[PDB]
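If you read the sequences in order, they're chains A, B, C and D.
First residue of the first sequence? That's 605 in our numbering, and the numbers climb one at a time after it.
First residue of the second sequence? That's 605 in our numbering, and the numbers climb one at a time after it.
First residue of the third sequence? That's 128 in our numbering, and the numbers climb one at a time after it.
First residue of the fourth sequence? That's 93 in our numbering, and the numbers climb one at a time after it.
Note that the Cβ used here is the ideal one computed from N, Cα and C, for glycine as well.
First comes the structure, then the notes that go with it.
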Amino acid sequence: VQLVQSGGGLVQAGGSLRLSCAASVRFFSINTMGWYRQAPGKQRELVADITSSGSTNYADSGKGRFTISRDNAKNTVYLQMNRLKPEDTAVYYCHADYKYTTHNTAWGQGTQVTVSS
Amino acid sequence: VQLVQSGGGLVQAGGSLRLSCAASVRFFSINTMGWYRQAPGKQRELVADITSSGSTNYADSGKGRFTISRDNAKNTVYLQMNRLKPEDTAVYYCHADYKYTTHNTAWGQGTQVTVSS
Amino acid sequence: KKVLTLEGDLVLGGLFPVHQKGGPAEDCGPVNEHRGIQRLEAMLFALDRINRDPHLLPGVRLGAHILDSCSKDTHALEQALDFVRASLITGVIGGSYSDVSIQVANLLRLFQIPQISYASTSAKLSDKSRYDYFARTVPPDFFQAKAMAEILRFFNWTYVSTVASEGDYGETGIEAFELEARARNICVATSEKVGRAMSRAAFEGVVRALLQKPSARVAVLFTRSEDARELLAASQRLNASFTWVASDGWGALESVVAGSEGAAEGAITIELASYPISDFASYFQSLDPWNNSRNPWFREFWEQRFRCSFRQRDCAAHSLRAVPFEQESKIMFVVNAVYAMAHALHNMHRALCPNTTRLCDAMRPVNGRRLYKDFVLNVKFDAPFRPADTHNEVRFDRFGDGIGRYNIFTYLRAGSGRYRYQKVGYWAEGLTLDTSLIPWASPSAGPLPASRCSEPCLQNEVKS
Amino acid sequence: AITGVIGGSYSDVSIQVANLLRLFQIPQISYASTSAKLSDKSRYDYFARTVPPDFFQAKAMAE
Ligand SMILES: N[C@@]1(C(=O)O)CC[C@H]2[C@H](C(=O)O)[C@H]21
Ligand SMILES: N[C@@]1(C(=O)O)CC[C@H]2[C@H](C(=O)O)[C@H]21
Numbered sequence: 605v606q607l608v609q610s611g612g613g614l615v616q617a618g619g620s621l622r623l624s625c626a627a628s629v630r631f632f633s634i635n636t637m638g639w640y641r642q643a644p645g646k647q648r649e650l651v652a653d654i655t656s657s658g659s660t661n662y663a664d665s666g667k668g669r670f671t672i673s674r675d676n677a678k679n680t681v682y683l684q685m686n687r688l689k690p691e692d693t694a695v696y697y698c699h700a701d702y703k704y705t706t707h708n709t710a711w712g713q714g715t716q717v718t719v720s721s
Numbered sequence: 605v606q607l608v609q610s611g612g613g614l615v616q617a618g619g620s621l622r623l624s625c626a627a628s629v630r631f632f633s634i635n636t637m638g639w640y641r642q643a644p645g646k647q648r649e650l651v652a653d654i655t656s657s658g659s660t661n662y663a664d665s666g667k668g669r670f671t672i673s674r675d676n677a678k679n680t681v682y683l684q685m686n687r688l689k690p691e692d693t694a695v696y697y698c699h700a701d702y703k704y705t706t707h708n709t710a711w712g713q714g715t716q717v718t719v720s721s
Numbered sequence: 128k129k130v131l132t133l134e135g136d137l138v139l140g141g142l143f144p145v146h147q148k149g150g151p152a153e154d155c156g157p158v159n160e161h162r163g164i165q166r167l168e169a170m171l172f173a174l175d176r177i178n179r180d181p182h183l184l185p186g187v188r189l190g191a192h193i194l195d196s197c198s199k200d201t202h203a204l205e206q207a208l209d210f211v212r213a214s215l216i217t218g219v220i221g222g223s224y225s226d227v228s229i230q231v232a233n234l235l236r237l238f239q240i241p242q243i244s245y246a247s248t249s250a251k252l253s254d255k256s257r258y259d260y261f262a263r264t265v266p267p268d269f270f271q272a273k274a275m276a277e278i279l280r281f282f283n284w285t286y287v288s289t290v291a292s293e294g295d296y297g298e299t300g301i302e303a304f305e306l307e308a309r310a311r312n313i314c315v316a317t318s319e320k321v322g323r324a325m326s327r328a329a330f331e332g333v334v335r336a337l338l339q340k341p342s343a344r345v346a347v348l349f350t351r352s353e354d355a356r357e358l359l360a361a362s363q364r365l366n367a368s369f370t371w372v373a374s375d376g377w378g379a380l381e382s383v384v385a386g387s388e389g390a391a392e393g394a395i396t397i398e399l400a401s402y403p404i405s406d407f408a409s410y411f412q413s414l415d416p417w418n419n420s421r422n423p424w425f426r427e428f429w430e431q432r433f434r435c436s437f438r439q440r441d442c443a444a445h446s447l448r449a450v451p452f453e454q455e456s457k458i459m460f461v462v463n464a465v466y467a468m469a470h471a472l473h474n475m476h477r478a479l480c481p482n483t484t485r486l487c488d489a490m491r492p493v494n495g496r497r498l499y500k501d502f503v504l505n506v507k508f509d510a511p512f513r514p515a516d517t518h519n520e521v522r523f524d525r526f527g528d529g530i531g532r533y534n535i536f537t538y539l540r541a542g543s544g545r546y547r548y549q550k551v552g553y554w555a556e557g558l559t560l561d562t563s564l565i566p567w568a569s570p571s572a573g574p575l576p577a578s579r580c581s582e583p584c585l586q587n588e589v590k591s
Numbered sequence: 093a094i095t096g097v098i099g100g101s102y103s104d105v106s107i108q109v110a111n112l113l114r115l116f117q118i119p120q121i122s123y124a125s126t127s128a129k130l131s132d133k134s135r136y137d138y139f140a141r142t143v144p145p146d147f148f149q150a151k152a153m154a155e
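See below:
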């Protein structure tokens with residue numbers, strides 16, 4: 605499946621932001637959809653994930669942040685910037701888990717989320 | 605499994621030839637081994653085959669000819685030319701069937717024979 | 128190895144399986160009299176139609192560099208290398224088999240030039256992360272396995288067998304079929320694979336390995352044309368008569384039942400949903416080996432079809448109009464692919480050259496990325512040579528594939544004078560069967576061949 | 093002229109570069125790709141690796 609993303613935004617610290625990630629159904633049962641952050645040439649870190657059944661997990665530094673909401677109808681995940689900081693200057697991505705003989709994960713394009721002074 | 609051939613020879617019609625074809629076991633159970641004849645750019649045609657259990661098969665017009673004999677210890681086949689015909693100018697290829705998740709068939713090199721008047 | 132080249136402003140490539148599978152002697156042997164030659168001539172006919180079309184590239188005459196894949200990955204990749212020697216053409220309408228299109232896409236994305244396949248339905252070709260400069264008019268083959276599983280569930284075929292070819296078509300097809308059969312309570316008896324360089328004895332051994340389970344009265348197929356033909360021949364020689372479930376490899380092809388029409392009777396096969404082109408038949412019937420020197424493969428096909436010998440000049444009176452002609456389920460797809468490439472080039476021209484008609488300075492270097500991006504979205508046109516009843520149109524989805532529609536044929540009419548198939552149903556986001564046309568499925572003739580582990584014992588006395 | 097390639101470690105990269113080298117008539121060795129698919133010399137006449145194929149390791153794991 606293809607993952608489209610919207611809502612990059614250029615806000616300062618302490619502002620609000622909405623990052624949306626949608627996908628195509630294609631009669632596929634996407635069983636997990638979440639978000640990731642990483643820098644060009646580095647490892648990726650999970651920030652938020654939902655297994656489409658209620659189990660929601662976050663990062664070690666984003667337990668009280670990164671509020672996410674998804675629905676099994678449109679297969680769209682919306683993330684909100686609760687509290688911003690100058691440490692999340694990395695580019696974000698959203699992933700979708702589909703299990704069709706491969707258990708592969710489909711990623712999306714890049715969305716630039718940077719917070720300055 | 606790789607196939608090697610020998611016994612080219614050069615004689616007129618009515619002579620005897622010994623087409624030998626050996627292979628490497630590599631703990632592979634070659635269940636069937638035989639010969640085919642064809643020309644570059646044409647379709648293959650079977651002339652002799654042994655399934656390593658006494659049951660042998662020949663061509664539609666070569667039942668009384670093309671004496672084939674295979675061995676299980678050395679994994680080699682030997683074909684005889686009792687009576688040569690001018691229509692036997694096609695090139696021969698020995699094949700061996702191996703079943704390792706693929707049921708593939710391995711061939712060898714061509715030994716072009718020539719029958720004159 | 129002969130090269131077929133046309134003259135035009137911009138040339139597009141093509142890779143067609145004109146020759147059959149390569150034998151042990153040469154790289155490729157006999158000529159595909161029904162798949163390679165017919166699709167090649169259909170591409171040539173559609174190119175001639177576009178060159179005479181005032182609405183599609185009026186001033187820009189698009190050429191052709193169509194070549195033969197010889198039904199082998201090595202020869203296909205060598206021809207793709209001959210393609211990319213210029214950048215080392217603009218597009219490539221080529222690739223029938225799955226692995227051929229896989230290797231061609233691997234070599235063409237390396238040079239950033241698009242590719243619109245016409246017969247390869249492999250699911251892994253839809254992976255845009257690995258094959259981004261690739262598209263196809265045929266849809267993928269994971270819901271084709273869904274259609275096969277729905278057909279099997281329609282006839283209550285639980286304990287079934289499987290057979291496929293090694294590579295990228297049989298593996299993914301069998302995987303999808305198993306995943307969609309485990310969800311429909313349909314079991315796999317024997318999961319096997321066949322190779323490429325095969326013989327009659329290997330297929331006889333395959334039939335013997337499938338005969339040791341008499342409970343599996345039906346075996347689904349994801350093989351190619353030659354593999355299905357050899358399997359049918361081996362089952363006919365071993366007196367094994369059981370219904371098959373074929374993929375696009377067999378489809379509605381008459382060369383698979385050539386000689387083995389007995390062991391293939393009552394075999395439910397699935398082909399792509401298409402229509403016979405009313406203008407390609409008039410083009411192919413009017414072909415002659417002397418008035419069509421543009422294609423030497425046509426001369427070879429004429430020599431190998433009518434048992435001709437050009438060194439004997441004997442068959443100077445034969446013609447295609449005398450013999451019966453039957454199109455394929457992919458001629459529509461090859462003409463849709465070349466017309467989609469032409470429409471993409473036309474839209475790119477009208478976007479980059481909005482004043483003149485011929486190519487411009489910014490058009491001579493054709494950027495494959497921008498061309499593919501302008502093709503995947505700015506291509507929506509009614510299918511060429513479409514009947515007046517249907518409203519079919521060529522639309523490429525997000526993955527560069529076609530709409531999901533299949534036809535279901537069966538081999539019947541055991542009389543030697545009317546050996547043919549029969550469309551019994553269509554699969555389009557759902558299953559539709561008409562058992563009144565299937566001989567064995569009708570209850571008046573007899574019960575349908577069941578394929579289960581044990582009999583449906585009654586709960587009254589014996590428990591489950 | 094490269095005159096040979098020490099090849100990749102993974103298998104997909106290995107088969108891809110082996111295809112490209114067969115196109116250009118270039119030998120190839122390998123050191124980590126233990127795939128048995130690369131043992132088929134009909135498709136990869138080059139790519140003679142110093143590591144055993146997959147089925148040896150599969151038999152080892154079965155034992
Ligand atoms: N089903 C295949 C495929 O790759 O999708 C494999 C064999 C063959 C069909 C064709 O040539 O039209 C195509
Ligand atoms: N086992 C692999 C192989 O292709 O044989 C796949 C992953 C990796 C090992 C390596 O890089 O040394 C090699």
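- Under the three-state reduction of DSSP output, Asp175 of chain C falls in the helix class.
- In this structure, the CA atom of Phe172 of chain C is about 14 Å from the CA atom of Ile220 of chain C.
- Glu302 of chain C has a beta carbon lying within less than 7 Å of a beta carbon in chain A.
- Straight-line spacing of the CA atoms in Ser134 of chain D and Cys698 of chain B works out to 15 Å.
- For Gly611 of chain B, the nearest beta carbon of chain C is not closer than 7 Å to its own beta carbon.
- Membership of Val551 of chain C in the beta strand (DSSP E) is indicated by the continuous run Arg547 to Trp554.
- Legend: CB atoms of the stretch 666-687 of chain B lying less than 7 Å from CB atoms of chain C are not found in any residue.
- One Cα belongs to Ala464 of chain C, the other to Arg263 of chain C, and the distance between them is close to 7 Å.
- Against chain C, the CB of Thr705 of chain A has a partner CB under 7 Å away; the residue lies at that interface.
- Within the stretch 314-347 of chain C, contact with chain B at the beta-carbon level (separation under 7 Å) is assigned to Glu319, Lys320, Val321, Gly322, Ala324, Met325, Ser326, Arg327, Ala328, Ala329, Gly332 and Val333.
- Between ligand 1 and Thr396 of chain C, a heavy atom-to-CB distance of less than 6 Å is absent.
- Contact note: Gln108 of chain D reaches chain C through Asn233, using a C-beta cutoff of 8 Å and chain order.
- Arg263 of chain C has C:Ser244 as its beta-bridge partners, per DSSP.
- Under the Cβ criterion of 7 Å, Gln606 of chain A is counted among the residues facing chain C.
- Between the stretch 370-378 of chain C and the stretch 261-279 of chain C there are three or more C-beta pairs closer than 8 Å, enough to call the two in contact.
- Of the residues C:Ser198, C:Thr350 and C:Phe210, the one whose Cα lies closest to the Cα of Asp268 of chain C is C:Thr350.
- With three or more CB-CB distances shorter than 8 Å, the stretch 670-690 of chain B counts as touching the stretch 635-649 of chain B.
- Using beta-carbon distances, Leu130 of chain D does not count as an interface residue toward chain C, since no partner is under 7 Å.
- Sequence-distant partners of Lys550 of chain C (beyond 5 residues in either direction) whose C-beta falls short of 6 Å from its own C-beta, in its chain, are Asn534 and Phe536.
- By the rule that beta-carbons nearer than 7 Å mark a contact, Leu650 of chain B touches chain C.
- Of all residues, those with a beta-carbon under 5 Å from at least one heavy atom of ligand 2 are D:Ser101, D:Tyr102, D:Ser103, D:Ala124, D:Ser125 and D:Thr126, reported in chain order.
- In the pairwise beta carbon analysis, the stretch 675-693 of chain B is classified as touching the stretch 621-630 of chain B: at least three pairs are separated by under 8 Å.
- It is roughly 48 Å from the alpha-carbon of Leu414 of chain C to the alpha-carbon of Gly619 of chain B.
- At a cut-off of 7 Å, the C-beta of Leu359 of chain C has no neighbouring C-beta in chain A.
- The three-state reading of DSSP puts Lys133 of chain D in coil, since its state is none of H, G, I, E or B.
- Between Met490 of chain C and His473 of chain C, the beta carbon gap of about 12 Å keeps them out of contact (Cβ cut-off 8 Å).
- Ligand 1 never approaches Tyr286 of chain C closely enough for any of its heavy atoms to be under 6 Å from the residue's Cβ.
- Not flagged as an interface residue toward chain C: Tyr702 of chain B, since no C-beta distance is shorter than 7 Å.
- Scanning chain B for C-beta atoms nearer than 7 Å to the C-beta of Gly156 of chain C yields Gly645, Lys646 and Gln647, reported in chain order.
- Residue pairing by DSSP places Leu234 of chain C in no beta bridge whatsoever.
- For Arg351 of chain C, the distance from the CB to the nearest heavy atom of ligand 1 is below 6 Å.
- For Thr660 of chain A, the CB contacts under 6 Å within the same chain, skipping 5 residues up- and downstream, are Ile654 in chain order.
- Placement of the Cβ of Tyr296 of chain C at a distance of less than 6 Å from at least one heavy atom of ligand 1 is found.
- By the Cβ-count criterion, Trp711 of chain B is buried, with 16 or more other Cβ atoms from all chains shown falling within 10 Å of its own Cβ.
- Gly140 of chain C is positioned such that its CB atom lies closer than 7 Å to that of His192 of chain C.
- Here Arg669 of chain B has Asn686 as same chain residues with Cβ atoms under 6 Å from its own Cβ, once five neighbours each way along the sequence are excluded.
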